[PDB]
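In: need a 3D model of the sequence below.
(chains A, B, C, D and E)
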Amino acid sequence: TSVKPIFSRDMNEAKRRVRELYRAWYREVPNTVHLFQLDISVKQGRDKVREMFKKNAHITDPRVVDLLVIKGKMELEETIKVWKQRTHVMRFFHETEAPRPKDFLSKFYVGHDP
Amino acid sequence: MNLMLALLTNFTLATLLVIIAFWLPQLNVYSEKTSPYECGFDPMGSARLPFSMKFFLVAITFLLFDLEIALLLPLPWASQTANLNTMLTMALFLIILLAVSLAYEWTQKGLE
Amino acid sequence: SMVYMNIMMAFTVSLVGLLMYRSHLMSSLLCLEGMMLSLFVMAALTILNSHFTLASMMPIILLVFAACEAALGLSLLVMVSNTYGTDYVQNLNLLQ
Amino acid sequence: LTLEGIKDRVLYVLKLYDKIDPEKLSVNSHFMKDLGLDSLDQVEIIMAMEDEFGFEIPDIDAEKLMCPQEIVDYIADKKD
Amino acid sequence: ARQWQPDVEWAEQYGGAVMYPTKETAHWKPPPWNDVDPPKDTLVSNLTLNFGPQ
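Out: Residues are numbered from 1 along each chain as shown, chains lettered A, B, ... in the order given. Right below this line is the structure:
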């Protein structure tokens, strides 16, 4: 592997960097719930964040984790400020979309092998 | 005794036409979505009203130029008079006394 | 007559509890400029029926200072909000 | 300024989190070797000290604490 | 040396906050040795207007 990294070196500065920005998002859940005038319960906004970080824990490599940092670092520009007009935030909460079957027999009635 | 019935006509005709527009033909109980909208063609303004210095000095400066036109106001009544060397030389004083108050402030106005 | 009792009852727009209190100090500077016209009128009712012919220049001059006075006092009330943003008369630091 | 008053504050934090720890107010909960959590979930627990008793959580010490003994001891030389 | 007792404690007992003579009360504050400017808090994030699809 002959390529320079982005920020980290090996497995330790990376896995303290990802723990840094989690304390930003944990602080900046109960701000946007009134900064956009959106009416839900505040514990919903904290459940989505602790859901989202456990998704990517299958990585065995540096600078891939560092790539996800840059996306995670960027969103705190728009979210902590007011650049999303109430609608780009609420797309994480799929309220409209109908539930998927996800079990074998219910797929077999409706749909040609999804 | 009409001065005083020369204006209470004019204000009761004024308040008539506003309540036959704001009230009466109005009452919006249907859908009338008064949600979070109506925010003056914008969004949420989390900042309050900030102080602006260059728009305070415009208030005070006018007020001190407004006073001594009321001193200057009875100049046409000061014509049909007695001793008039006094009346001329005192009338010219206040205007210069208004003029110097420019020229001192005129060396520092700012972007007004 | 009764045109002097009202208004001498209306001179009690000082009333000193509401001449510096409570907070939003603009409410207190309000009745300092509103204490005039209880002096501008109470003079004007007396000079005018009793034909003095000369003292009626004094109600004209009564406004000219009290306008310039209160304008000075309003300059400093920006300076208390230039340092804070709120006037709030329960600001006190220099004891006595 | 009381050494026991900071042992108060550390020892009603943990069950106030409705997650893993079941009323274990021991000082010897050693947090993913005695108690048992995820590596991510401890990071929440440290953050509560800014508004509860007042604190900064400055540095890499949050990767180091791992027990409410060590939480009190770093608060101990922080204040008294 | 010998002459009298010009001791240190006569400066701190006269130590200037309020001169608590016969009791201790809600003292003022160790008043500033320089000219008096503690409360420096003057800042605002200026207005964020969008002259956008207006």
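
In: how far away is the residue most central in space within chain E from residue C:96?
Out: A centroid search over chain E (CA atoms, centre = their mean) returns residue E:31, at 3.9 Å, as the residue closest to the centre. According to CB to CB, to the nearest Å, residue E:31 and residue C:96 sit 13 Å apart. Every residue, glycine included, has its C-beta placed from N, CA and C.

In: again with residue C:33
Out: Taken as CB to CB, the span from residue C:33 to residue C:96 is 27 Å.

In: before we move on, back to that, ok, the residue nearest to the centre of chain E - contacts?
Out: E:16, E:17 (CB atoms under 8 Å, 6 or more residues apart in numbering or on different chains).

In: go with 10 Å
Out: Shown in contact with residue E:31 (CB atoms under 10 Å, 6 or more residues apart in numbering or on different chains): C:94, C:95, E:16, E:17, E:18.

In: that one in helix, strand or coil?
Out: Following DSSP: H, G, I helix; E, B strand; the rest coil, we place residue E:31 in the coil state.

In: around chain A, pick out the residues from chain B.
Out: Residues of chain B found near chain A (CB under 10 Å from any CB of the partner chain) are B:35, B:36, B:39, B:43, B:44, B:45, B:46.

In: secondary structure element holding residue A:15?
Out: Secondary structure from DSSP states H and E places residue A:15 in helix A:14-27.

In: neighbours of the residue of chain B found nearest chain D, how many?
Out: Nearest to chain D in chain B, going by CB to the nearest CB, is residue B:46, at a distance of 21.6 Å. When neighbours are defined as other CB atoms under 10 Å in any protein chain shown, residue B:46 has 10 of them.

In: and residue D:6, by the same measure?
Out: Neighbours of residue D:6 (other CB under 10 Å): 19.

In: can you tell me the SS state at the residue of chain E at minimum distance from chain C?
Out: Of the residues in chain E, the one nearest chain C is residue E:28, at a distance of 5.0 Å by CB to the nearest CB. Secondary structure state of residue E:28, per three-state DSSP, is coil.

In: enumerate the residues of chain C near chain B.
Out: Close to chain B, as judged by CB under 10 Å from any CB, chain C has residues C:57, C:60-61, C:63-65, C:67-68, C:70-72, C:74-75, C:78, C:81-82, C:85.

In: of these, which belong to strands?
Out: Of these, none are assigned to strands by DSSP state E.

In: from these, which are also near chain E?
Out: Okay, of those touching chain E (CB under 10 Å from any CB), that's C:82, C:85.

In: ok, and does stretch C:24-31 reach over to chain E?
Out: No: with CB under 10 Å from any CB as the criterion, chain E is not reached by stretch C:24-31; the gap is at least 17.2 Å.

In: may I have that stretch as PDB, with CA atoms only?
Out: The C-alpha coordinates for stretch C:24-31 follow below in PDB (Å, rounded to 0.1, in the frame of the first residue of the first chain):
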ATOM      1  CA  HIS C  24     -36.800  48.700  30.700                       C
ATOM      2  CA  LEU C  25     -35.400  52.100  31.700                       C
ATOM      3  CA  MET C  26     -37.100  53.500  28.500                       C
ATOM      4  CA  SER C  27     -40.300  53.300  30.500                       C
ATOM      5  CA  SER C  28     -38.800  55.700  33.100                       C
ATOM      6  CA  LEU C  29     -37.400  58.200  30.600                       C
ATOM      7  CA  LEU C  30     -40.800  58.100  29.000                       C
ATOM      8  CA  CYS C  31     -42.500  59.900  31.900                       C
END
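
In: what sits against the closest residue to chain A within chain B?
Out: Relative to chain A, the nearest point of chain B is residue B:36 (5.0 Å; CB to the nearest CB). Residue B:36 is in contact with A:36, A:37, A:38, A:39, A:86, B:43, B:44, counting by CB under 10 Å, 6+ apart.

In: do I have it right that residue D:29 meets residue D:17?
Out: No: look at residue D:29 against residue D:17 with CB atoms under 10 Å: they stay out of range, at 12.0 Å.

In: more neighbours: which of the two?
Out: Legend: neighbour count by other CB under 10 Å for residue D:29 and residue D:17, higher for residue D:29 (20 against 12).

In: can you list the residues of chain A near chain D?
Out: So far as CB under 10 Å from any CB goes, chain A lies against chain D at A:12, A:15-16, A:18-20, A:22-23, A:26-27, A:46, A:50, A:53-54, A:57.

In: and of the contacts of residue E:31, the nearest to chain B?
Out: Once CB to the nearest CB is applied, the member of those that ends up nearest chain B is residue C:94, at 23.7 Å.

In: the closest residue to that closest one other than its chain neighbours is in what secondary structure piece?
Out: Computed as CB to CB, 6 or more residues apart in numbering or on different chains, the closest residue to residue C:94 that is not its neighbour in sequence is residue E:36, at 8.0 Å. For residue E:36, there is no helix or strand it lies in under DSSP H and E.

In: can you report phi and psi for residue E:36?
Out: phi -90, psi 90 (degrees, to the nearest 10).

In: ranges for the helices of the chain?
Out: All of this refers to chain A. Assigned helices in chain A, in chain order: A:14-27, A:32-35, A:42-52, A:65-80, A:104-109 (criterion: DSSP state H).

In: chain D, not that one
Out: So, for chain D - with DSSP H - the helices run D:5-10, D:42-46, D:68-79.

In: ok, residues contacting the longest one?
Out: In this case it means helix D:68-79. Residues from elsewhere that reach helix D:68-79, judged by CB under 10 Å, 6+ apart: D:1-11, D:13-14, D:25-31, D:35, D:45-46, D:49, D:53-58, D:61-62, D:64-65, D:67.
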